[PDB]
Amino acid sequence: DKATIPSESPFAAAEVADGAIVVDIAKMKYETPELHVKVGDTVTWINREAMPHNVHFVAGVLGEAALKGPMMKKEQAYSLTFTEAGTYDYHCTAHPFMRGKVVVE
Ligand SMILES: [Cu+]
């Protein structure tokens, strides 16, 4: 696998620690659609909207299986720790027009 999952289910935005690498989900978009991080960094998505959202990486991208993240309710968060360099495209399962990528360098 190319990422580890600190928490399989979502957690409160507030519980996100100061200085976390946050991608906001707001205005029906991933507000940083192309994020560049380094190996070992944790990325945290935070849903700011009433509509639930997730992140979904198809099979072969983060590992063998698809990573279909849990739906974050408003003001919930979800993290992935990237362990290997690459470019990792994702979308929202419910709203597949919402697309982003994490470039791990
Ligand atoms: Cu979404």
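One-based numbering along the sequence shown. In listed order, ligands and their atoms are each counted from 1.
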Residue and atom names of protein N/O/S atoms that fall under 2.8 Å from the Cu ion (ligand 1): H53 ND1, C92 SG

Report the C-alpha separation of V104 and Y88 in whole Å, then their side-chain angles, then the decisive distance to 0.1 Å, and conclude whether the side chain to side chain contact (heavy atoms under 4.5 Å, CB included) test is met. CA-CA 8 Å; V104 182; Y88 304 102; 3.6 Å; yes

Taking the six-membered ring for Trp, are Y90 and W45 parallel (under 30°), tilted (30 to 60°) or perpendicular (over 60°)? perpendicular

Is there a donor-acceptor pair under 3.5 Å between the side chain of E34 and the backbone N or O of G100? no

To the closest 0.5 Å, what do you measure between CE (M98) and NE2 (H53)? 4.5 Å

Donor-acceptor under 3.5 Å (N54 side chain, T93 main chain): yes

Hydrophobic clusters join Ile, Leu, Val, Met, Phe, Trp and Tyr when side-chain heavy atoms are under 4.5 Å apart, directly or via other members; which others share one with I46? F11, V16, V22

